[PDB]
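Colleague: This structure is in structure tokens; I'll ask about it shortly.
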Amino acid sequence: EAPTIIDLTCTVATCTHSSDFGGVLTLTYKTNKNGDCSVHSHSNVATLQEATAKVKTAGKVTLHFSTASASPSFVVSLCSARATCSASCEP
């Protein structure tokens, strides 16, 4: 069974709105165990690089994304948990 993800929160560390993955985000959470989680975002505004993350009990996952918006906000799932990622980017 998948890790149970609690207190999922997102922080966008750096954001450049470009054609490459100019975005880096950190998901913080609590979990019961190490395991694999799918990560998803269904957004007209950002695209995740990753499909899956190796969740650890240390409680942080780093993901990358691309956006054509200077003000992206997008919901990311980690296993069953969902959190909003939001940022003001730069060109």
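Chain A uses Swiss-Prot numbers throughout; the residues present, in order, are 1107-1197.
Positions of Cβ are set from backbone N, Cα and C atoms, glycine also.
Below are the features I grabbed from Swiss-Prot:
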REGION    1112-1192  region 'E1-DIII'
DISULFID  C1116-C1191  disulfide bond
DISULFID  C1121-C1195  disulfide bond
SITE      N1140  site 'Interaction with host receptor VLDLR'
SITE      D1142  site 'Interaction with host receptor VLDLR'
DISULFID  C1143-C1185  disulfide bond
SITE      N1150  site 'Interaction with host receptor VLDLR'
SITE      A1152  site 'Interaction with host receptor VLDLR'
SITE      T1153  site 'Interaction with host receptor VLDLR'
SITE      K1160  site 'Interaction with host receptor VLDLR'
SITE      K1162  site 'Interaction with host receptor VLDLR'
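What's the neighbourhood like for these features in this structure?
Modeller: Around the Cβ of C1191 (disulfide bond), 25 further Cβ atoms fall within 10 Å across all displayed protein chains.
Mapped onto three states, the DSSP output places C1121 (disulfide bond) in strand. Non-local neighbourhood of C1121 (disulfide bond): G1128, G1129, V1130, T1173, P1178, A1193, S1194, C1195, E1196, each in the same chain, at least six residues away, with C-beta under 8 Å from its C-beta.
DSSP classifies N1140 (site 'Interaction with host receptor VLDLR') as coil under the three-state reduction. Around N1140 (site 'Interaction with host receptor VLDLR'), the same-chain residues six or more apart in sequence whose CB sits under 8 Å from its CB are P1109, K1160, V1161, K1162, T1163, listed in sequence order.
Counting every protein chain shown, 11 other Cβ atoms lie within 10 Å of the Cβ of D1142 (site 'Interaction with host receptor VLDLR').
Non-local contacts of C1143 (disulfide bond) by the CB criterion (under 8 A, 6+ apart in sequence, same chain) comprise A1108, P1109, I1111, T1158, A1159, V1161, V1167, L1184, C1185.
For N1150 (site 'Interaction with host receptor VLDLR'), other Cβ atoms within 10 Å of its Cβ number 9.
Long-range Cβ proximity for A1152 (site 'Interaction with host receptor VLDLR'), meaning a same-chain Cβ under 8 A and a gap of 6 or more residues, is found for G1129, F1171, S1172, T1173, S1175, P1178, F1180, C1191.
Around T1153 (site 'Interaction with host receptor VLDLR'), the same-chain residues at least 6 positions away in sequence with a Cβ under 8 Å from its Cβ are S1147, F1171, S1172, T1173.
Look at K1160 (site 'Interaction with host receptor VLDLR'): DSSP puts it in a strand.
Take the CB of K1162 (site 'Interaction with host receptor VLDLR') and look out to 10 A: across all protein chains shown you find 13 other CB atoms.
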Colleague: Provide, as an integer number of angstrom, the distance between the C-alpha atoms of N1150 (site 'Interaction with host receptor VLDLR') and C1116 (disulfide bond).
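Modeller: Between the Cα atoms of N1150 (site 'Interaction with host receptor VLDLR') and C1116 (disulfide bond), the distance comes to 18 Å.
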Colleague: What residues, ordered by sequence, lie under 8 A Cβ-to-Cβ from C1116 (disulfide bond) and sit at least six positions away in the same chain?
Modeller: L1131, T1132, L1133, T1134, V1182, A1189, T1190, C1191, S1192
